[PDB]
């Protein structure tokens, strides 16, 4: 590929892969949610509840990931767009180099030629074109770069601050589940953590609606 493209194309590629992997996580994590809830489904009353809600909360991690994927994509194409521009600039470099090597050939093996003054003149224009070209590239790179990661980090901070919430609430559910041993023979007590458990969802939905950047 063109020279100034390569290193950025390598990164663009690697980042496609990171997306593809995040997709799988989110997908599978949602499958875990269901399988957990369905497993807990046919157990003791308390386990069947805690697990039901744990299935909701873990399902959201799924949805939340995928929302962050959509935005990662936007990050990735923005980079892709920078790479395309680093590609468009190559010609003006090759040209400068060719005109240089043409003079070098002609001055050395034919100094009498009348097309050296003209090529010399062509080279100053070419060099000028190349400077402008590269100045432009820079002002585009800087801007697209800044907008790129700037957007991605805000999205990642969202994802992650919302994960934080669900973890914290997720652990608040596990408080409902009693792990006090049982004597072989006698039964498990009454479980009335339903009002509480439903409350934890409502609290979690409340925290995720109201969350804002800063």
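Positions refer to the first chain, counted from 1.
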Comparing 153 to 161 with 174 to 182, the one whose average Cα B-factor in the PDB entry is higher: 174 to 182
Averaging only over Cα atoms, indicate whether 183 to 191 or 23 to 31 has the higher B-factor in the PDB entry. 183 to 191
Among 104, 89, 135, 128, which residue carries the highest C-alpha B-factor recorded in the PDB entry? 104
In terms of the CA temperature factor given in the entry, to which third of its chain does residue 78 belong: lowest, middle or highest? middle
Sorting by Cα B-factor within the chain, modelled residues only, which third would residue 114 end up in: lowest, middle or highest? highest
